[PDB]
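Source file: coords-v7.pdb; contents: PDB, C-alpha atoms.
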```pdb
ATOM      1  CA  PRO H  44      -9.587 -35.561  33.797  1.00  0.00           C
ATOM      2  CA  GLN H  45     -12.752 -36.487  35.642  1.00  0.00           C
ATOM      3  CA  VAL H  46     -14.587 -36.114  32.312  1.00  0.00           C
ATOM      4  CA  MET H  47     -12.898 -36.082  28.909  1.00  0.00           C
ATOM      5  CA  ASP H  48     -13.387 -33.481  26.155  1.00  0.00           C
ATOM      6  CA  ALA H  49     -14.943 -33.864  22.722  1.00  0.00           C
ATOM      7  CA  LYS H  50     -12.742 -33.841  19.638  1.00  0.00           C
ATOM      8  CA  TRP H  51     -13.420 -31.085  17.099  1.00  0.00           C
ATOM      9  CA  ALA H  52     -12.647 -30.808  13.400  1.00  0.00           C
ATOM     10  CA  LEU H  53     -13.666 -28.715  10.396  1.00  0.00           C
ATOM     11  CA  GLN H  54     -14.658 -29.986   6.957  1.00  0.00           C
ATOM     12  CA  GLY H  55     -15.166 -28.279   3.628  1.00  0.00           C
ATOM     13  CA  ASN H  56     -18.035 -29.180   1.315  1.00  0.00           C
ATOM     14  CA  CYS H  57     -18.103 -28.637  -2.439  1.00  0.00           C
ATOM     15  CA  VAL H  58     -19.618 -30.258  -5.506  1.00  0.00           C
ATOM     16  CA  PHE H  59     -18.294 -30.048  -9.053  1.00  0.00           C
ATOM     17  CA  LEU H  60     -20.992 -28.678 -11.360  1.00  0.00           C
ATOM     18  CA  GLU H  61     -20.916 -28.458 -15.127  1.00  0.00           C
ATOM     19  CA  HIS H  62     -19.495 -25.052 -16.068  1.00  0.00           C
ATOM     20  CA  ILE H  63     -20.820 -24.087 -19.487  1.00  0.00           C
ATOM     21  CA  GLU H  64     -19.116 -21.273 -21.405  1.00  0.00           C
ATOM     22  CA  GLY H  65     -18.369 -18.355 -19.088  1.00  0.00           C
ATOM     23  CA  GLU H  66     -20.820 -18.750 -16.190  1.00  0.00           C
ATOM     24  CA  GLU H  67     -20.496 -18.134 -12.462  1.00  0.00           C
ATOM     25  CA  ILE H  68     -19.447 -21.090 -10.306  1.00  0.00           C
ATOM     26  CA  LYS H  69     -21.324 -21.731  -7.068  1.00  0.00           C
ATOM     27  CA  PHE H  70     -19.152 -21.787  -3.964  1.00  0.00           C
ATOM     28  CA  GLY H  71     -18.937 -24.494  -1.320  1.00  0.00           C
ATOM     29  CA  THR H  72     -19.504 -24.575   2.419  1.00  0.00           C
ATOM     30  CA  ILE H  73     -17.545 -25.360   5.579  1.00  0.00           C
ATOM     31  CA  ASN H  74     -18.930 -27.221   8.582  1.00  0.00           C
ATOM     32  CA  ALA H  75     -17.688 -28.672  11.861  1.00  0.00           C
ATOM     33  CA  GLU H  76     -18.418 -31.883  13.744  1.00  0.00           C
ATOM     34  CA  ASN H  77     -17.654 -32.761  17.347  1.00  0.00           C
ATOM     35  CA  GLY H  78     -17.001 -36.048  19.084  1.00  0.00           C
ATOM     36  CA  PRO H  79     -18.630 -37.481  22.185  1.00  0.00           C
ATOM     37  CA  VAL H  80     -17.597 -37.216  25.841  1.00  0.00           C
ATOM     38  CA  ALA H  81     -16.454 -39.980  28.191  1.00  0.00           C
ATOM     39  CA  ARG H  82     -15.841 -40.042  31.932  1.00  0.00           C
ATOM     40  CA  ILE H  83     -14.087 -42.243  34.479  1.00  0.00           C
ATOM     41  CA  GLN H  84     -15.358 -43.366  37.888  1.00  0.00           C
ATOM     42  CA  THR H  85     -13.722 -44.718  41.056  1.00  0.00           C
ATOM     43  CA  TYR H  86     -14.022 -48.111  42.747  1.00  0.00           C
ATOM     44  CA  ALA H  87     -12.616 -49.504  45.981  1.00  0.00           C
ATOM     45  CA  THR H  88     -13.057 -52.263  48.562  1.00  0.00           C
ATOM     46  CA  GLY H  89     -11.077 -53.328  51.605  1.00  0.00           C
ATOM     47  CA  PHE H  90     -10.829 -55.499  54.700  1.00  0.00           C
ATOM     48  CA  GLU H  91     -10.448 -55.026  58.453  1.00  0.00           C
ATOM     49  CA  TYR H  92      -8.724 -57.597  60.641  1.00  0.00           C
TER
ATOM     50  CA  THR J  93     -12.367 -17.172 -21.254  1.00  0.00           C
ATOM     51  CA  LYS J  94     -10.025 -19.987 -20.269  1.00  0.00           C
ATOM     52  CA  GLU J  95     -12.195 -22.274 -22.381  1.00  0.00           C
ATOM     53  CA  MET J  96     -11.563 -20.224 -25.525  1.00  0.00           C
ATOM     54  CA  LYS J  97      -7.794 -20.363 -25.054  1.00  0.00           C
ATOM     55  CA  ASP J  98      -7.746 -24.045 -24.125  1.00  0.00           C
ATOM     56  CA  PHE J  99     -10.172 -25.453 -26.707  1.00  0.00           C
ATOM     57  CA  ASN J 100      -9.459 -23.206 -29.701  1.00  0.00           C
ATOM     58  CA  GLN J 101      -6.508 -24.691 -31.576  1.00  0.00           C
ATOM     59  CA  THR J 102      -5.452 -21.521 -33.421  1.00  0.00           C
ATOM     60  CA  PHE J 103      -6.115 -18.903 -30.734  1.00  0.00           C
ATOM     61  CA  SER J 104      -3.174 -18.050 -28.504  1.00  0.00           C
ATOM     62  CA  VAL J 105      -1.682 -15.175 -26.555  1.00  0.00           C
ATOM     63  CA  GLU J 106       0.933 -14.830 -29.310  1.00  0.00           C
ATOM     64  CA  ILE J 107      -1.553 -13.350 -31.779  1.00  0.00           C
ATOM     65  CA  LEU J 108      -2.879 -11.014 -29.082  1.00  0.00           C
ATOM     66  CA  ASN J 109       0.657  -9.782 -28.430  1.00  0.00           C
ATOM     67  CA  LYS J 110       1.121  -9.373 -32.183  1.00  0.00           C
ATOM     68  CA  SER J 111      -2.015  -7.228 -32.391  1.00  0.00           C
ATOM     69  CA  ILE J 112      -0.856  -5.205 -29.382  1.00  0.00           C
ATOM     70  CA  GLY J 113       2.530  -4.604 -30.989  1.00  0.00           C
ATOM     71  CA  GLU J 114       1.064  -3.615 -34.348  1.00  0.00           C
ATOM     72  CA  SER J 115      -1.393  -1.169 -32.805  1.00  0.00           C
ATOM     73  CA  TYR J 116       1.387   0.174 -30.580  1.00  0.00           C
ATOM     74  CA  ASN J 117       3.694   0.880 -33.513  1.00  0.00           C
ATOM     75  CA  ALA J 118       0.852   2.532 -35.408  1.00  0.00           C
ATOM     76  CA  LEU J 119       0.060   4.611 -32.323  1.00  0.00           C
ATOM     77  CA  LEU J 120       3.673   5.771 -32.144  1.00  0.00           C
ATOM     78  CA  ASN J 121       3.614   6.739 -35.816  1.00  0.00           C
ATOM     79  CA  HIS J 122       0.365   8.639 -35.321  1.00  0.00           C
ATOM     80  CA  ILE J 123       1.536  10.446 -32.180  1.00  0.00           C
ATOM     81  CA  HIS J 124       4.841  11.503 -33.699  1.00  0.00           C
ATOM     82  CA  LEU J 125       3.602  12.364 -37.227  1.00  0.00           C
ATOM     83  CA  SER J 126       0.059  13.715 -36.811  1.00  0.00           C
ATOM     84  CA  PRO J 127       1.325  17.014 -35.306  1.00  0.00           C
ATOM     85  CA  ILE J 128       3.157  17.531 -38.588  1.00  0.00           C
ATOM     86  CA  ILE J 129       0.123  16.652 -40.707  1.00  0.00           C
ATOM     87  CA  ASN J 130      -2.716  18.326 -38.804  1.00  0.00           C
ATOM     88  CA  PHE J 131      -0.855  21.610 -38.269  1.00  0.00           C
ATOM     89  CA  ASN J 132      -2.432  24.689 -39.852  1.00  0.00           C
ATOM     90  CA  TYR J 133       0.538  25.848 -41.894  1.00  0.00           C
ATOM     91  CA  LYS J 134       0.782  29.582 -42.463  1.00  0.00           C
ATOM     92  CA  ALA J 135       1.515  31.081 -45.866  1.00  0.00           C
ATOM     93  CA  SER J 136       5.141  31.566 -44.797  1.00  0.00           C
ATOM     94  CA  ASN J 137       5.766  27.816 -44.647  1.00  0.00           C
ATOM     95  CA  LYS J 138       3.587  26.702 -47.557  1.00  0.00           C
ATOM     96  CA  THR J 139       5.090  26.463 -51.051  1.00  0.00           C
ATOM     97  CA  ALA J 140       2.921  26.063 -54.132  1.00  0.00           C
ATOM     98  CA  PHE J 141       3.301  23.416 -56.824  1.00  0.00           C
ATOM     99  CA  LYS J 142       4.679  25.985 -59.328  1.00  0.00           C
TER
END
```
Just dump the structure as structure tokens.
Amino acid sequence: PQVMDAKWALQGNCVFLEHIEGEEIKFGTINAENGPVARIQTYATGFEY
Amino acid sequence: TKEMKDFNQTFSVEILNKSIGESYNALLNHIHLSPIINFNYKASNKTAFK
């Protein structure tokens, strides 16, 4: 294309905590990151004779 | 808790099933013999020691 499109991807986040006798465990979290964008130009030269 | 099963050497689901079975058999005995025991028997049925 004239300009490209950013890549996307999801990621989970969690940390292992100490779990003493019969407690509630704290959940994790999901998040997304996106890539950058690139584009392409045009060039040209010529001659007349 | 999973910790109690995993860490306790002697605890197991086998003893829990044993307790369940024992209480179940005793429940069956009670259900099927307590009507006989708790019934208010009339004088027609009852027989003295004599």
Practice prompt. Check every residue of chain J for an atom within 9 Å of chain H, counting only C-alpha atoms, and provide those that qualify as a list in words.
Written response: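 Output check: residues 93, 94, 95 and 96 of chain J.
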Worksheet item: Do you know which residues are at most 12 Å from residue H:57 counting all atoms listed in the file, after dropping those on the same chain fewer than 6 positions away, and could you put them as a PyMOL selection string?
Response: chain H and resi 68-74
Response to the item:
Separating atom CA of residue H:58 from atom CA of residue J:97, to the nearest tenth of an Å, is a gap of 24.9 Å
Worksheet item: What is the atom CA of residue H:80 to atom CA of residue H:55 distance in Å?
Response: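 Distance reported for this atom pair: 24.1 Å.
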Discussion item. Just the number, please: distance in Å from atom CA of residue H:77 to atom CA of residue H:48, one decimal.
Written reply: 9.8 Å
Practice prompt. Convert the output of the PyMOL selection byres ((chain H and resi 47) around 7) on the shown file into explicit residues, formatted as a list in words.
Written response: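 For this structure, the PyMOL selection byres ((chain H and resi 47) around 7) captures residues 44, 45, 46, 48, 49, 80, 81 and 82 of chain H.
Nearest to residue H:75 of all the residues H:51, H:56, H:88, H:62 is H:51, based on all atoms listed in the file.
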